[PDB]
$ cat start_26.csv   # CSV, C-alpha atoms and all ligand atoms
chain,number,residue,atom,x,y,z
A,33,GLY,CA,0.0,0.0,0.0
A,34,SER,CA,1.1,3.6,1.0
A,35,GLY,CA,3.9,2.3,3.4
A,36,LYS,CA,2.1,4.3,6.2
A,37,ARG,CA,0.2,1.5,8.0
A,38,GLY,CA,1.5,0.2,11.4
A,39,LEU,CA,0.9,-2.7,13.8
A,40,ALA,CA,0.4,-1.4,17.4
A,41,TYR,CA,0.5,-4.6,19.6
A,42,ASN,CA,0.5,-6.0,23.1
A,43,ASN,CA,0.7,-9.8,22.4
A,44,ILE,CA,3.6,-10.2,19.9
A,45,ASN,CA,2.2,-13.6,18.9
A,46,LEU,CA,-0.8,-11.9,17.1
A,47,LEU,CA,1.4,-10.0,14.5
A,48,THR,CA,1.6,-13.3,12.4
A,49,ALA,CA,-2.2,-12.8,11.5
A,50,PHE,CA,-1.0,-9.7,9.6
A,51,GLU,CA,2.0,-11.3,7.8
A,52,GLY,CA,2.1,-10.2,4.1
A,53,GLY,CA,-0.1,-7.1,4.6
A,54,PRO,CA,0.9,-3.5,3.6
A,55,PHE,CA,2.5,-3.0,7.1
A,56,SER,CA,5.9,-1.3,7.4
A,57,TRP,CA,6.2,-0.8,11.2
A,58,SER,CA,5.1,-1.8,14.7
A,59,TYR,CA,5.2,-0.5,18.2
A,60,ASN,CA,4.0,-1.9,21.6
A,61,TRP,CA,3.9,1.1,24.0
A,62,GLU,CA,7.2,-0.3,25.5
A,63,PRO,CA,10.9,0.3,24.9
A,64,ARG,CA,11.6,-3.3,23.9
A,65,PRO,CA,9.7,-5.5,21.4
A,66,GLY,CA,9.2,-8.6,23.6
A,67,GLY,CA,10.8,-10.7,20.9
A,68,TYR,CA,11.5,-10.5,17.2
A,69,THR,CA,9.2,-10.1,14.2
A,70,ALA,CA,10.9,-10.4,10.7
A,71,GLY,CA,10.2,-7.8,7.9
A,72,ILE,CA,8.7,-5.0,10.1
A,73,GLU,CA,10.5,-1.9,11.6
A,74,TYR,CA,9.9,-2.0,15.4
A,75,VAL,CA,9.7,1.6,16.9
A,76,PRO,CA,10.8,1.8,20.6
A,77,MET,CA,8.7,4.1,22.9
A,78,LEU,CA,9.9,6.0,26.0
A,79,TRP,CA,6.4,5.7,27.6
A,80,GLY,CA,6.9,7.9,30.6
A,81,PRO,CA,9.2,8.6,33.6
A,82,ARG,CA,9.3,4.9,34.7
A,83,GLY,CA,11.3,4.3,31.5
A,84,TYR,CA,14.2,6.8,32.2
A,85,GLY,CA,16.4,4.3,34.0
A,86,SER,CA,16.7,1.8,31.0
A,87,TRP,CA,16.0,4.2,28.1
A,88,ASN,CA,19.6,5.0,26.9
A,89,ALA,CA,20.3,1.2,26.7
A,90,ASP,CA,16.8,0.5,25.2
A,91,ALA,CA,17.3,3.2,22.5
A,92,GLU,CA,20.9,2.0,21.6
A,93,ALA,CA,19.5,-1.6,21.4
A,94,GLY,CA,16.7,-0.5,19.1
A,95,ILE,CA,19.1,1.5,16.8
A,96,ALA,CA,21.5,-1.5,16.6
A,97,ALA,CA,18.6,-3.8,15.7
A,98,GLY,CA,17.5,-1.5,12.8
A,99,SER,CA,15.0,0.9,14.4
A,100,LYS,CA,15.2,4.4,12.6
A,101,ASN,CA,12.5,6.1,14.7
A,102,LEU,CA,11.9,6.6,18.5
A,103,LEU,CA,8.7,7.7,20.1
A,104,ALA,CA,8.3,9.8,23.3
A,105,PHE,CA,5.8,9.7,26.2
A,106,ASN,CA,2.3,8.1,25.8
A,107,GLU,CA,-0.5,10.6,26.7
A,108,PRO,CA,1.4,12.8,29.2
A,109,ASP,CA,-1.9,14.9,29.1
A,110,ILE,CA,-3.8,11.9,30.7
A,111,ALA,CA,-3.2,11.3,34.5
A,112,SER,CA,-3.8,7.5,34.1
A,113,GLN,CA,-1.1,7.5,31.3
A,114,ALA,CA,2.3,9.1,31.3
A,115,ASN,CA,0.9,12.1,33.4
A,116,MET,CA,3.6,14.8,32.8
A,117,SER,CA,3.4,18.6,32.7
A,118,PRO,CA,4.3,20.2,29.4
A,119,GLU,CA,7.4,21.8,31.2
A,120,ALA,CA,8.5,18.4,32.6
A,121,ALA,CA,8.1,16.7,29.2
A,122,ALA,CA,10.1,19.4,27.4
A,123,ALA,CA,13.0,19.0,29.8
A,124,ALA,CA,12.8,15.2,29.7
A,125,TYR,CA,12.6,15.2,25.8
A,126,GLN,CA,15.8,17.3,25.6
A,127,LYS,CA,17.6,14.9,28.0
A,128,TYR,CA,16.4,11.5,26.7
A,129,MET,CA,15.3,12.0,23.0
A,130,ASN,CA,17.5,14.8,21.6
A,131,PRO,CA,20.8,12.7,21.9
A,132,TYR,CA,19.5,10.2,19.3
A,133,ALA,CA,18.5,12.7,16.6
A,134,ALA,CA,21.6,12.1,14.4
A,135,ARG,CA,20.7,8.4,14.2
A,136,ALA,CA,16.9,8.2,14.5
A,137,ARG,CA,13.9,10.3,13.6
A,138,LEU,CA,12.2,11.5,16.8
A,139,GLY,CA,8.5,11.6,17.6
A,140,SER,CA,6.8,14.0,20.0
A,141,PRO,CA,5.0,12.7,23.1
A,142,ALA,CA,1.6,11.4,21.9
A,143,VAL,CA,-1.5,13.4,23.1
A,144,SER,CA,-5.1,12.3,23.4
A,145,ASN,CA,-8.0,14.0,21.5
A,146,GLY,CA,-9.1,15.6,24.8
A,147,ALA,CA,-10.1,19.3,24.8
A,148,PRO,CA,-7.5,21.9,26.0
A,149,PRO,CA,-5.7,22.0,28.3
A,150,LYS,CA,-5.3,18.3,27.4
A,151,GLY,CA,-4.8,17.0,23.8
A,152,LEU,CA,-3.5,19.5,21.3
A,153,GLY,CA,-3.7,22.1,24.1
A,154,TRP,CA,-1.1,20.1,26.0
A,155,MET,CA,0.9,19.7,22.7
A,156,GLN,CA,1.0,23.5,22.1
A,157,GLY,CA,2.1,24.0,25.8
A,158,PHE,CA,4.9,21.4,25.3
A,159,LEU,CA,6.1,23.1,22.0
A,160,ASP,CA,6.1,26.4,23.8
A,161,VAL,CA,8.3,25.1,26.7
A,162,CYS,CA,10.6,23.3,24.2
A,163,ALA,CA,11.3,26.9,22.8
A,164,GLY,CA,13.0,25.4,19.7
A,165,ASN,CA,15.3,23.1,21.7
A,166,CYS,CA,13.4,19.8,21.3
A,167,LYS,CA,14.6,17.9,18.1
A,168,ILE,CA,11.2,16.7,16.8
A,169,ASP,CA,10.8,15.1,13.4
A,170,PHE,CA,7.0,14.5,13.7
A,171,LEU,CA,4.1,15.0,16.1
A,172,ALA,CA,2.4,11.8,17.5
A,173,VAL,CA,-1.3,12.1,18.1
A,174,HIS,CA,-4.3,9.8,19.1
A,175,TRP,CA,-8.0,9.9,18.2
A,176,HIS,CA,-10.7,7.6,19.7
A,177,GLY,CA,-14.5,8.1,19.1
A,178,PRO,CA,-17.6,6.9,17.4
A,179,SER,CA,-17.4,5.6,13.8
A,180,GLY,CA,-20.0,8.3,12.8
A,181,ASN,CA,-17.5,11.1,13.9
A,182,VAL,CA,-15.2,10.9,10.7
A,183,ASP,CA,-15.7,14.7,10.4
A,184,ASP,CA,-14.2,15.1,13.9
A,185,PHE,CA,-11.3,12.7,13.2
A,186,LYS,CA,-10.3,14.6,10.1
A,187,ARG,CA,-10.7,18.0,12.0
A,188,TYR,CA,-8.4,16.6,14.7
A,189,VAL,CA,-5.7,15.3,12.4
A,190,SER,CA,-5.8,18.6,10.3
A,191,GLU,CA,-5.5,20.6,13.5
A,192,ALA,CA,-2.5,18.5,14.6
A,193,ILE,CA,-0.8,19.0,11.2
A,194,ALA,CA,-1.4,22.8,11.4
A,195,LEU,CA,0.0,22.9,15.0
A,196,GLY,CA,3.2,21.0,14.0
A,197,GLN,CA,3.6,23.5,11.0
A,198,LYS,CA,3.5,26.5,13.4
A,199,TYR,CA,6.5,25.0,15.2
A,200,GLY,CA,8.4,23.9,12.1
A,201,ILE,CA,7.4,20.2,12.4
A,202,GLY,CA,6.1,19.2,8.9
A,203,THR,CA,4.2,15.9,9.6
A,204,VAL,CA,2.4,13.7,12.2
A,205,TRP,CA,2.0,10.0,12.9
A,206,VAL,CA,-1.5,9.0,14.1
A,207,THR,CA,-0.1,6.4,16.4
A,208,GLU,CA,-3.6,5.4,17.7
A,209,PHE,CA,-7.0,5.9,16.0
A,210,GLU,CA,-10.2,4.1,16.7
A,211,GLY,CA,-13.5,4.6,14.9
A,212,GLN,CA,-15.7,2.8,17.4
A,213,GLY,CA,-19.0,0.8,16.9
A,214,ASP,CA,-20.0,-2.7,15.7
A,215,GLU,CA,-17.7,-4.5,13.2
A,216,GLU,CA,-19.7,-3.1,10.2
A,217,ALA,CA,-19.4,0.5,11.5
A,218,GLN,CA,-15.7,-0.1,12.3
A,219,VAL,CA,-15.1,-1.3,8.6
A,220,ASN,CA,-17.1,1.7,7.2
A,221,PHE,CA,-14.8,4.0,9.3
A,222,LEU,CA,-11.7,2.4,7.9
A,223,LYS,CA,-13.1,2.6,4.3
A,224,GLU,CA,-13.5,6.4,4.9
A,225,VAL,CA,-10.2,7.3,6.7
A,226,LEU,CA,-7.6,4.8,5.3
A,227,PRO,CA,-7.6,6.4,1.8
A,228,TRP,CA,-7.8,9.9,3.3
A,229,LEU,CA,-4.7,9.2,5.5
A,230,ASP,CA,-2.8,7.5,2.6
A,231,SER,CA,-3.1,10.6,0.4
A,232,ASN,CA,-2.6,13.1,3.3
A,233,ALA,CA,0.9,14.7,2.8
A,234,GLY,CA,0.7,15.7,6.5
A,235,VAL,CA,0.5,12.1,7.8
A,236,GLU,CA,3.7,10.0,7.5
A,237,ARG,CA,2.5,6.9,9.4
A,238,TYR,CA,-0.6,5.6,11.3
A,239,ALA,CA,-1.8,2.6,13.3
A,240,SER,CA,-5.4,1.7,13.8
A,241,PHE,CA,-6.0,0.8,17.5
A,242,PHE,CA,-5.0,-2.0,17.8
A,243,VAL,CA,-3.6,-5.5,16.7
A,244,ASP,CA,-5.0,-7.4,19.8
A,245,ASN,CA,-8.6,-6.2,19.2
A,246,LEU,CA,-8.3,-7.0,15.4
A,247,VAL,CA,-7.3,-10.7,16.0
A,248,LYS,CA,-9.7,-13.3,17.6
A,249,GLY,CA,-8.8,-17.0,18.0
A,250,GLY,CA,-5.7,-16.5,15.7
A,251,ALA,CA,-7.8,-15.1,12.9
A,252,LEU,CA,-8.3,-11.5,11.6
A,253,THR,CA,-11.7,-10.2,12.5
A,254,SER,CA,-13.7,-8.5,9.6
A,255,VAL,CA,-12.1,-5.3,11.0
A,256,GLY,CA,-8.6,-6.7,10.9
A,257,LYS,CA,-9.2,-8.0,7.4
A,258,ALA,CA,-10.3,-4.5,6.3
A,259,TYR,CA,-7.2,-3.0,7.9
A,260,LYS,CA,-5.1,-5.5,5.8
A,261,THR,CA,-7.0,-5.1,2.5
A,262,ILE,CA,-8.2,-1.4,2.1
B,301,LIG,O1,1.6,-3.5,28.3
B,301,LIG,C1,2.7,-2.7,27.9
B,301,LIG,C2,2.2,-1.2,28.3
B,301,LIG,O2,0.9,-1.1,28.2
B,301,LIG,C3,0.4,0.2,28.5
B,301,LIG,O3,-0.9,0.4,28.2
B,301,LIG,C4,-1.1,0.8,26.8
B,301,LIG,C5,-1.7,2.2,26.8
B,301,LIG,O4,-0.6,3.0,27.5
B,301,LIG,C6,-2.1,2.6,25.4
B,301,LIG,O5,-2.6,4.0,25.1
B,301,LIG,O6,-3.0,1.5,25.0
B,301,LIG,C7,-2.4,0.2,24.8
B,301,LIG,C8,-3.4,-0.7,24.2
B,301,LIG,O7,-4.6,-0.7,25.0
B,301,LIG,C9,-1.9,-0.3,26.2
B,301,LIG,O8,-1.1,-1.4,25.9
B,301,LIG,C10,0.6,0.5,30.0
B,301,LIG,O9,0.0,1.7,30.5
B,301,LIG,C11,2.0,0.3,30.3
B,301,LIG,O10,2.0,0.3,31.7
B,301,LIG,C12,2.4,-1.1,29.8
B,301,LIG,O11,3.8,-1.2,30.3
$ encode --input "start_26.csv" --output "structure tokens" --more "lines below"
Ligand SMILES: OC[C@H]1O[C@@H](O[C@@H]2[C@@H](O)[C@H](O)O[C@H](CO)[C@H]2O)[C@H](O)[C@@H](O)[C@@H]1O
Amino acid sequence: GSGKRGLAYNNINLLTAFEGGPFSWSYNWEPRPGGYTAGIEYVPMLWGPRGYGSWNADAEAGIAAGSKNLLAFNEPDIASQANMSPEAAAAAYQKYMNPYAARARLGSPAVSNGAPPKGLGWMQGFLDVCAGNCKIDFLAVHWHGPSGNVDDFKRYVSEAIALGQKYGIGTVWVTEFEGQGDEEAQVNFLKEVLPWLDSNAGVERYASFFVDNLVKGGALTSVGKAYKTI
């Protein structure tokens, strides 16, 4: 396909269901892959402050095993996720992500689609505290909501692209998106947004949320099959 489509996983043993599809890349919300999967670029994630102790080793290991991208904190805007102030994330990004910029493309912390001061509000606060000192190759963003809200998904992704552009960051990865409903509604959502993302110059990569919901009893669900085939 486009080369944009990724596999976001928990159970590594479910990636096999997707073997041969138009998938370039994977991530697992962890700094280490939990094994090896041939033919796919694994992208390590510095999920939050619990990861600081191992991160330099984890990043070097990922670079040596062929990773060319690194992701920063997972939903620092959400207190049940990485739970970090914009100021804290800007300092930690400069400490833990910037040193890898010569050898890996670096993704921003990934924000939710919450209203300000969460979501892209948080992201703008983070890009303000960075003050040009964070080496950011792309913004990472998340959108979850009903399958009928395509309009709101596109609105959110366009808003993220525009925000990146105000701070000299050309492109985004949509590292989680989920058009929610029954399997039929989920497939209709993918039929609408997958082509839209594939032709969007602003979006480098994306991952429908997520491999372990798209696989039941070893088999792609109708939603997993649409993710493989659209
Ligand atoms: O199990 C590995 C890591 O899983 C994390 O949960 C992920 C969320 O952060 C994310 O937004 O959703 C995915 C899929 O539901 C979750 O795997 C934990 O919060 C980490 O503690 C955990 O190490």
$ closest_residue --input "start_26.csv" --among "A:91, A:39, A:138, A:229" --to "residue A:256" --atoms "all atoms listed in the file"
A:39
$ residues_near_ligand --input "start_26.csv" --ligand "ligand LIG 301 (chain B)" --cutoff "7 Å" --atoms "all atoms listed in the file" --output "PyMOL selection string"
chain A and resi 42+60-62+106+113+242
$ atom_distance --input "start_26.csv" --atom1 "atom CA of residue A:177" --atom2 "atom CA of residue A:209"
8.4 Å
$ closest_residue --input "start_26.csv" --among "A:99, A:166, A:116, A:208" --to "residue A:145" --atoms "all atoms listed in the file"
A:208
$ closest_residue --input "start_26.csv" --among "A:165, A:197, A:261, A:101" --to "residue A:122" --atoms "only C-alpha atoms"
A:165
$ residues_around --input "start_26.csv" --residues "residue A:250" --least-positions-apart "3" --cutoff "8 Å" --atoms "only C-alpha atoms" --output "NGL selection string"
:A and (46 or 49 or 247)
$ closest_residue --input "start_26.csv" --among "A:160, A:200, A:54, A:218" --to "residue A:178" --atoms "only C-alpha atoms"
A:218
$ closest_residue --input "start_26.csv" --among "A:125, A:221, A:84, A:57" --to "residue A:180" --atoms "all atoms listed in the file"
A:221
$ closest_residue --input "start_26.csv" --among "A:72, A:65, A:189, A:128" --to "residue A:85" --atoms "all atoms listed in the file"
A:128
$ residues_around --input "start_26.csv" --residues "residue A:262" --least-positions-apart "3" --cutoff "12 Å" --atoms "only C-alpha atoms" --output "ChimeraX atom specification"
/A:33-34,37,53-55,219-230,254-259
$ residues_around --input "start_26.csv" --residues "residue A:205" --least-positions-apart "5" --cutoff "12 Å" --atoms "all atoms listed in the file" --output "PyMOL selection string"
chain A and resi 36-38+57+101-103+137-143+169-175+189-190+192-193+196+229-230+232-240
$ atom_distance --input "start_26.csv" --atom1 "atom CA of residue A:117" --atom2 "atom CA of residue A:203"
23.3 Å
$ atom_distance --input "start_26.csv" --atom1 "atom CA of residue A:244" --atom2 "atom CA of residue A:41"
6.2 Å
$ residues_near_point --input "start_26.csv" --point "(13.4, -5.6, 11.7)" --cutoff "10 Å" --atoms "only C-alpha atoms" --output "CSV table (one decimal) with C-alpha atoms, keeping the file's coordinate frame"
chain,number,residue,atom,x,y,z
A,56,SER,CA,5.9,-1.3,7.4
A,57,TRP,CA,6.2,-0.8,11.2
A,58,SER,CA,5.1,-1.8,14.7
A,68,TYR,CA,11.5,-10.5,17.2
A,69,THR,CA,9.2,-10.1,14.2
A,70,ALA,CA,10.9,-10.4,10.7
A,71,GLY,CA,10.2,-7.8,7.9
A,72,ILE,CA,8.7,-5.0,10.1
A,73,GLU,CA,10.5,-1.9,11.6
A,74,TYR,CA,9.9,-2.0,15.4
A,75,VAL,CA,9.7,1.6,16.9
A,94,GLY,CA,16.7,-0.5,19.1
A,97,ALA,CA,18.6,-3.8,15.7
A,98,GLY,CA,17.5,-1.5,12.8
A,99,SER,CA,15.0,0.9,14.4
$ residues_around --input "start_26.csv" --residues "residue A:129" --least-positions-apart "2" --cutoff "8 Å" --atoms "only C-alpha atoms" --output "ChimeraX atom specification"
/A:102,104,124-127,131-133,138,167
